[PDB]
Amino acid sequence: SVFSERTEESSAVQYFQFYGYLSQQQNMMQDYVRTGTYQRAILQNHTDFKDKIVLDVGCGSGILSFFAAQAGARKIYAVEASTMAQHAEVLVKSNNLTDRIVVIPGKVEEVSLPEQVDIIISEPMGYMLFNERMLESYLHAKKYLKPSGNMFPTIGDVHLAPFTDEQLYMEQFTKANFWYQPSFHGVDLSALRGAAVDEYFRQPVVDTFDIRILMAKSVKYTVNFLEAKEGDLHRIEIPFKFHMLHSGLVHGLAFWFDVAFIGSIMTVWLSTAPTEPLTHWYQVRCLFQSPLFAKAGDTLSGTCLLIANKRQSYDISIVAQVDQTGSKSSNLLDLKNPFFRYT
């Protein structure tokens, strides 16, 4: 199958076992912005669901299929690969919806559906949007979509901006300095100093922050889910050119994302920006090993490149330079092993 060709078994086992625990579903359901915004988007475009056929990709507990059932859908196929699939069936029966919601256990790349559908629904966004590589499963499912069908969400916007933060940078540098010692219980550790700094700085930082640390207006990269192909996501290249609004030290780049549900009656937006109320995705920051000095009015140009790997994530390469001086920085991050700093 297409899924098994691109994924380590070892990663997949752990991945689907993780989502088999009820406590993680509980943790996800309790993010009110998320759950409420999805329900808003589905119910306010009810004519896109009334008497239609629906596909839910990766239903988990089943909550989204229930929303589609509320809006008047005629038939819903709910696909799920973890053991949570057995808990979903229990809720379908105790809620008297056996005539409308059909649970199909397995991977969407591997199951057979009985008919083509009018519309697809899913929640496939990870950290920085792309983590976990589930977006590829979402696009694959378009093999079941009619020529005039729709997708919910319809498009995704990724946002990038430069930031300054001394305190975070010193905190990570302090940890690395352990390996600088010439006599730990009589043993010299210093030969490993270089290896330790590299390891710590490859960890992306997950938390939130005050918007006043941003040093320029953000740049946007848009993916249209109606038009895009699966193959498009194996190599993602994002160019940027910033016009600096403030002078100072740039310690790295900050990331977040928006998605849009474009229905027949209206468009509804879900956002994880630092100007909006907090969600379980927070925001994401990538540090430079050495900061760049820039003055107001200068331009900061470069590229962010994402290449998918077999542990269901991405290798990230970031290169940036201040155009007026030639000061240049490069860095590598492993999205697989983040540092959770919050509270």
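Numbering starts at 1 and runs along the sequence shown. Here, rigid core means the biggest group of C-alpha atoms that superpose within 1.5 Å across both forms.
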{"query": "Greater Cα displacement in 9 other deposited structures of this protein once the core is superposed, comparing 210-218 with 177-185", "finding": "177-185"}
{"query": "Divergent stretch in 9 other deposited structures of this protein, 35-43 or 294-302 [C-alpha RMS, superposed by the core]", "finding": "294-302"}
{"query": "Of 141-149 and 253-261, the one with larger mean CA B-factor", "finding": "141-149"}
{"query": "Comparing 83-91 with 238-246, the one whose average Cα B-factor in the PDB entry is higher", "finding": "238-246"}
{"query": "Residue with highest C-alpha B-factor in the PDB entry, from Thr267, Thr154, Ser271, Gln172", "finding": "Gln172"}
{"query": "Third of the chain, ranked by Cα B-factor, where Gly297 sits", "finding": "highest"}
{"query": "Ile211 - Cα temperature factor, lowest/middle/highest third of chain", "finding": "highest"}
{"query": "Position of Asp315 among the chain's modelled residues by C-alpha B-factor, lowest, middle or highest third", "finding": "highest"}
{"query": "B-factor third for the C-alpha atom of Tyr15 within its chain", "finding": "highest"}
{"query": "Assigned third (lowest, middle, highest) for the C-alpha B factor of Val158", "finding": "middle"}
